[PDB]
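Going by our numbering, 1556 is the number at position 82 of the sequence shown; the sequence numbering is gapless.
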Amino acid sequence: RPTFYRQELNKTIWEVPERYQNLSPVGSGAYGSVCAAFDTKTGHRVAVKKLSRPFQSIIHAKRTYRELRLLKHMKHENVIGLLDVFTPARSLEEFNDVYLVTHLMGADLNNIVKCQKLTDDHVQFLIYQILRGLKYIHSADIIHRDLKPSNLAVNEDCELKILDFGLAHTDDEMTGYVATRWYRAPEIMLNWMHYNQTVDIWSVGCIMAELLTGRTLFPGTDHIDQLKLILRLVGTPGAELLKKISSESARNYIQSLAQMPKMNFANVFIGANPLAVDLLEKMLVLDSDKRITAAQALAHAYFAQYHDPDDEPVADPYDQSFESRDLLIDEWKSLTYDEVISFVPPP
Ligand SMILES: O=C1C=NC(=O)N1c1ccc(Cl)cc1
Ligand SMILES: [Cl-]
Ligand SMILES: [Cl-]
Ligand SMILES: [Cl-]
Ligand SMILES: [Cl-]
Ligand SMILES: [Cl-]
Ligand SMILES: [Mg+2]
């Protein structure tokens, strides 16, 4: 066991192993507080996150376990990984605090596209990396659920990593003129049907459009204004898709709208590479059953310069059976403790 030292930073007690030095507060959401630090063992600048109230309820205890299981599993060049996890506790009886350590991220995709469009070669490389990461994530039957520019880290060499997996956002966070909703697939924005991995491909289409134009594709002022923007581009549904909407009330609302045909995407994305237009048409499909998958998209001719099927790996199998399990707070806490002490660091 390493030696720990204590300090107070912005009214918060931080107790961390001696290897982590020069701690500096960076942010604090509702799930914890974050400090930048220097890791003397690896030489990396790192983010250290102290979870806030990790075991305050059954819901919160299960969410802590879910987050740690997911971060321990992810081992791919285009996905955030876990460098370390620690607790100052010396036994399960005194276990209360969880700290997570990752590589410190600089700019996100917003700070690169803010009010600005990129060249086609840059769009090819950035979207290729998102899809390479997504092929890996989806091969473990994981759905990200919250892909958007602020959840994509980018460096000066245009290299990209996916972060901030959806751990299951409030009603108020999705209300109004907000980027938190602009990248969401229509079937989950209005709870038409059950989530599945195709929702992530819709988000990639929205991101790719915004890189090509410099502007948000569907900047709706509320859920219904956004749906109207979506259907104007991709057309109103046929009876095939209407059949698959379990909400009778949602079926009734869609049929209240005047019918609209799918628009010509070459007249929307003026001047774009025709191969980019073709790929957008295959991602931005209303019926989720018919969207292109990440593995299929990597083989599309838009990525001929980068595609290498011997260098696009899949993930080890991932056991999610805990998600349908009903446990008490102290049982979720015990499972989490076991995962902290069994962590093996990367090479
Ligand atoms: O799609 C592309 C590729 N280059 C562009 O300048 N666009 C683009 C299209 C429409 C608007 Cl309104 C703005 C930008
Ligand atoms: Cl140490
Ligand atoms: Cl990483
Ligand atoms: Cl503790
Ligand atoms: Cl964003
Ligand atoms: Cl597993
Ligand atoms: Mg985020």
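The C-beta atom is built at its ideal place from N, Cα and C for all residues, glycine as well.
Quick check on this structure: which residue in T1486, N1747, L1634, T1576 has the alpha carbon closest to the alpha carbon of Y1494? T1576
Supposed close pair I1766, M1757 - CB separation, criterion 8 Å: Rounded, the Cβ-Cβ distance is 6 Å, consistent with contact.
Just grab the DSSP bridge partners of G1501 for me. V1508
Among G1607, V1628, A1778, the one whose alpha carbon lies nearest that of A1581: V1628
Using a Cβ distance threshold of 8 Å, determine whether the segment 1534-1550 contacts the segment 1485-1492, with at least three qualifying pairs required. Under the three-pair Cβ rule at 8 Å, the segment 1534-1550 does not count as touching the segment 1485-1492.
Under DSSP, the alpha helix (DSSP H) around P1748 begins and ends at which residues? 1748-1757
Can you tell me the Cα-Cα spacing of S1502 and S1624, whole angstroms? 16 Å
Using three-state DSSP, classify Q1495 as helix, strand or coil. strand
Length of the line joining the Cα atoms of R1527 and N1726: 43 Å
Assuming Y1811 is part of the alpha helix (DSSP H), what are its boundary residues? 1803-1815
If you run the structure through DSSP and keep just helix, strand and coil, what is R1564? coil
Assuming the contact rule is C-beta atoms closer than 8 Å, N1670 and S1798 should be a hit. Round their C-beta distance to whole Å, please. So it is not a contact: roughly 17 Å between Cβ atoms.
Check whether the Cβ of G1517 sits closer than 6 Å to any heavy atom of ligand 3, and report yes or no. No, the beta carbon of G1517 sits no closer than 6 Å to any heavy atom of ligand 3.
When DSSP labels each residue in this structure, what does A1771 get in the three-state scheme? helix
So which residues put a beta carbon under 7 Å from any heavy atom of ligand 4, going in chain order? Checking every Cβ against the heavy atoms of ligand 4 under 7 Å gives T1561, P1562, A1563, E1568, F1569, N1570, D1571.
Local conformation of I1728 per DSSP, three classes: Note: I1728 maps to helix in three-state DSSP.
Can you tell me where the beta strand (DSSP E) holding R1475 begins and where it ends? In the DSSP annotation of this structure, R1475 is not part of any beta strand (DSSP E), being labelled neither H nor E.
Using only the heavy atoms of ligand 3, determine whether one of them is closer than 6 Å to the beta carbon of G1607. Every heavy atom of ligand 3 is 6 Å or more from the Cβ of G1607, so no.
Of the residues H1534, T1695, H1774, the one placed nearest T1649, counting alpha carbons only: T1695
Can you tell me whether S1507 is buried or exposed, with buried defined as 16 or more other CB within 10 angstroms of its CB? Residue environment for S1507: buried (at least 16 other C-beta atoms within 10 angstroms of its C-beta).
In chain order, what residues place their C-beta within less than 7 Å of a heavy atom belonging to ligand 1? Every residue passing the under-7 Å Cβ criterion appears here: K1591, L1686, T1687, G1688, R1689, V1742, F1743, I1744, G1745, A1746.
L1754 vs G1688 beta-carbon contact at 7 Å: no
Residue from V1751, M1734, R1475 with nearest C-alpha to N1741: Of the candidates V1751, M1734, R1475, the residue whose Cα lies closest to the Cα of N1741 is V1751.
Just verifying my parser: in three-state terms, what is the DSSP assignment at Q1530? coil
Alpha-carbon to alpha-carbon, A1769 and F1777: 12 Å
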